[PDB]
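Order of the sequence lines sets the chain letters (A, B, ...), proteins ahead of strands, with each chain counted from 1. Whatever order the structure lists them in is the order used to number ligands and atoms, beginning at 1. Just so you know, these numbers use all the heavy atoms, side chains as well, and skip hydrogens, waters and symmetry mates.
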Amino acid sequence: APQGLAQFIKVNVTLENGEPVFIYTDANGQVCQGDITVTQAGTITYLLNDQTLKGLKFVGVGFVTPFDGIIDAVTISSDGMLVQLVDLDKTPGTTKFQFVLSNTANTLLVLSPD
Amino acid sequence: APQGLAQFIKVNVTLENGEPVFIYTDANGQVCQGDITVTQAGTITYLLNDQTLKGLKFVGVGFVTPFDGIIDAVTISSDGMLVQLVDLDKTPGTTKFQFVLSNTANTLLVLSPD
Amino acid sequence: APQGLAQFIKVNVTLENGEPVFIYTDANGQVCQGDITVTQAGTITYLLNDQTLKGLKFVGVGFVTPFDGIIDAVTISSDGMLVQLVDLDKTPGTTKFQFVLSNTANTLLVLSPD
Amino acid sequence: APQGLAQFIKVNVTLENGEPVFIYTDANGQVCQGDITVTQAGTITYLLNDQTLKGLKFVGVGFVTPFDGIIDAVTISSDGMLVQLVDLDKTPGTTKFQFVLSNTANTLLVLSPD
Amino acid sequence: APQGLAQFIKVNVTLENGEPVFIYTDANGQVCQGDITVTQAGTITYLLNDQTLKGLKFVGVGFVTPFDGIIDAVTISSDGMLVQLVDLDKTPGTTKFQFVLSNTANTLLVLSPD
Amino acid sequence: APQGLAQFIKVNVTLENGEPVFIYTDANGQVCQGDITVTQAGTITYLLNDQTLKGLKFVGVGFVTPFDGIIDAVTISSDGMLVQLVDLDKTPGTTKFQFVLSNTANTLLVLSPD
Amino acid sequence: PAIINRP
Amino acid sequence: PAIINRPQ
Amino acid sequence: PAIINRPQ
Amino acid sequence: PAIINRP
Amino acid sequence: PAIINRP
Amino acid sequence: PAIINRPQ
Ligand SMILES: [Ca+2]
Ligand SMILES: [Ca+2]
Ligand SMILES: [Ca+2]
Ligand SMILES: [Ca+2]
Ligand SMILES: [Ca+2]
Ligand SMILES: [Ca+2]
């Protein structure tokens, strides 16, 4: 049975001058730049650590180029704390995405930086 | 009782190079740059014209600086064809936003450009 | 670029003999009868001020004559605090509607009076 | 263990003069006035027969006096074709309600008459 | 107007060794085995009494043989506290089901025993 | 940064005797028994292949012992075609689960066998 | 419509 | 639990 | 409440 | 796009 | 199905 | 963030 690799990133969110700041840490707890290289088919799991007091929850993963084939699917937990990407690593190249989150302070969606 | 202005933009989305292109038109059908200036409390209404076969629907309006006070609220229609912003114009300044859309081809959210 | 008028009403809800009472105030904070005249295309925004302790939230705007063409669309904020109506003011006439709200005390929907 | 009565009504909806008409039929297909009398704890089940091309679906049951205790709870099927009321018959009296429906023609909710 | 019988069961949930235990009580408050015999068309109403501190809510009723015709429909209250089954008692036989519940401790669904 | 394994199973569902049959295949298209062994932190991805005309969609993954710690989280795609489990492999032992699916024929949830 | 409770 | 149908 | 349309 | 508030 | 954890 | 695919 073929298998792949499961990668993990923690999405830590704080505020600075009242606005979100996203800091990524790896499975060792170390700050990392947040980008992931996929060298064979697998998954990437992002865990939200909301330290903003704004009640953030994932509602999806957004792409300016959603049809580029780099990521195949997005799955989301019912509590908004996890998103997972399915990446079959057939299409070479790079895609950029922004996390999409609801918040409990207002009805605007929150985006991580472009 | 005081009234404000209700501004309107049609959000035309079509594919080029396999990916979305957002083209804004005004109430006269004329292409416009897309940004809106608010000089008193009012609303801005955005109507989706999905020209693609990708089944686009608005799911919200996203902000990298969602707590800046420029836009107070977002409302959305049940069919995903309209979003409206409430701008009481009490905080001066500029904010940038990206439309957030679902699609029926895949489970990735679609963003307009940053 | 054509523009319209944005009107505003606050929907204040209290209880009397255990049941909801809807009192409308205008953009000056003054009690008003709640009805709106639309003299050109535009929007009407209703802001919920729930003073009932029953956890009211808008879930939509209901019409006995929903196909009469007077209101074109309803948009709703994700927190249930705002509904906005789009009224292109092409069809002359009058329509009557009732706000539809969920509550946290029971699973019945709440309607404002006919 | 005590049992109650399970009553049934078919909610037939058709257009006349461009707007809905609600016609109630009983389990024998006979037109009835539509009101239900409860003399012991039980249920009332309402089945939607949408005769229109407007894609009607129940979204709930609405009450101008939702805290009157006459009806205890509302349940709804995932397909919007059934609503059921739970009436423990512990509070005597009468309540009036209006069905609340979504439609696929527009984003206005549909109400049966007050 | 034809009528049927409305039966009632309370679904009491506790924990034992950290895991759910379902105990059914009847309309007299007496412990019962939980199974229901349907001798004519009617309804069965299940009321959740969550004593787990895990924030249980019904999200539906699950069947390994969902097309067997024994139960016609499932309706659910908006607060997850009630499910009702519609059973027209035309198809003879027995079906087994498991309640499906969300919880607030994790994103796994909870099932009552097979 | 440490990585885990991403395992995969295709969940093929077809009717026999009027009811679902769940047949699992691996990444090579080979029928397999369906159980998965986890020896380090990772993910398991389940792809729905609905071979029926019943409009099946995943709505979650259900557990009679949801607090056993074997599986940490469930994520689901917006189209109901994928569920993924997060298994940090920190609690040794075995858990049993049943897929939970909606269908378009009726309002009963579908379960895979206990 | 209406519901009439006679307890 | 179970439901047992005995039709009329 | 009500809405009254007076078209232009 | 952008929104520009001039109060 | 089942999941078997061998830590 | 970004994802970079290097296929096998
Ligand atoms: Ca800070
Ligand atoms: Ca189109
Ligand atoms: Ca009072
Ligand atoms: Ca029909
Ligand atoms: Ca115990
Ligand atoms: Ca198929």
Side-chain angles (χ1 to χ4, degrees), chain A residues 66-67, chain B residues 9-16 18-25 29 31 46-59 77 79-83 99 101-105 110 112, chain C residues 66-67 73, chain D residues 9-16 19-25 29 31 46-59 77 79-83 99 101-107 110 112, chain E residues 10-25 31 48-56 73 101 103 105 110 112-113, chain F residues 64-68 104-107:
Chain A
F67 308 122
Chain B
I9 290 281
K10 182 173 284 181
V11 180
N12 305 274
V13 189
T14 203
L15 304 183
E16 172 63 3
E19 300 298 341
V21 181
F22 289 74
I23 300 172
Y24 304 105
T25 55
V31 170
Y46 299 90
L47 173 65
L48 182 59
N49 176 32
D50 179 15
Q51 301 168 304
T52 80
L53 296 187
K54 300 298 192 197
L56 304 180
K57 298 184 194 49
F58 290 134
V59 300
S77 63
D79 64 1
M81 299 293 119
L82 289 163
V83 292
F99 299 101
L101 308 94
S102 58
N103 79 87
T104 60
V110 183
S112 62
Chain C
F67 308 122
Chain D
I9 290 281
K10 182 173 284 181
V11 180
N12 305 274
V13 189
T14 203
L15 304 183
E16 172 63 3
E19 300 298 341
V21 181
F22 289 74
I23 300 172
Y24 304 105
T25 55
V31 170
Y46 299 90
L47 173 65
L48 182 59
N49 176 32
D50 179 15
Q51 301 168 304
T52 80
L53 296 187
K54 300 298 192 197
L56 304 180
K57 298 184 194 49
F58 290 134
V59 300
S77 63
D79 64 1
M81 299 293 119
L82 289 163
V83 292
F99 299 101
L101 308 94
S102 58
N103 79 87
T104 60
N106 68 34
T107 61
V110 183
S112 62
Chain E
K10 185 175 286 193
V11 181
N12 305 276
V13 196
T14 190
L15 304 174
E16 189 64 15
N17 299 309
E19 303 296 342
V21 175
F22 290 76
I23 299 164
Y24 303 98
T25 55
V31 173
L48 181 59
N49 175 30
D50 177 21
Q51 298 299 327
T52 68
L53 307 172
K54 301 287 194 190
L56 303 179
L101 307 97
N103 79 88
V110 182
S112 65
Chain F
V64 170
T65 61
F67 310 123
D68 69 15
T104 60
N106 68 34
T107 61

Original post:
Mind counting the protein N, O or S atoms sitting less than 3.0 Å from the Ca ion (ligand 5)?
Top reply: 2
Original post:
Taking side chain as C-beta onward, heavy atoms only, is B:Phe99 less than 4.5 Å from B:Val13?
Top reply: no
Original post:
Is E:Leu53 atom CG crowded by more than 12 heavy atoms from other residues, nucleotides or ligands, each under 6.0 Å away?
Top reply: no
**OP:** Determine whether D:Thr104 and D:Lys57 make a side-chain contact, defined as any pair of heavy atoms from C-beta on separated by less than 4.5 Å.
**Re:** yes
Original post:
Considering residues at least two apart in sequence or located in another chain, which fulfil the side chain to side chain donor-acceptor pair (under 3.5 Å) criterion with D:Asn12?
Top reply: D:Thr25, D:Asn49
**OP:** Determine how many protein N/O/S atoms sit closer than 3.0 Å to the Ca ion (ligand 2), leaving waters out since they are not shown.
**Re:** 1
**OP:** Using side chain to side chain donor-acceptor pair (under 3.5 Å) as the criterion, list what pairs up with D:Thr52, not counting sequence neighbours.
**Re:** D:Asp50
**OP:** Taking the side chain as every heavy atom from C-beta outward, state whether D:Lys54 and D:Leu15 have any pair of such atoms under 4.5 Å apart.
**Re:** yes
Original post:
Looking at CD1 of B:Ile9 and CG of B:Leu48, how far apart are the two atoms once the value is rounded to the nearest 0.5 Å?
Top reply: 13.5 Å
Subject >> Minimum heavy-atom distance between D:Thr107 and B:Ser77, given as atom pair plus value >> reply: CG2-CB, 4.0 Å
Original post:
Within the distance-only criterion (no hydrogens, no angle test), does the side chain of E:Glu19 pair as donor or acceptor with the backbone N or O of F:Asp68 below 3.5 angstrom?
Top reply: yes
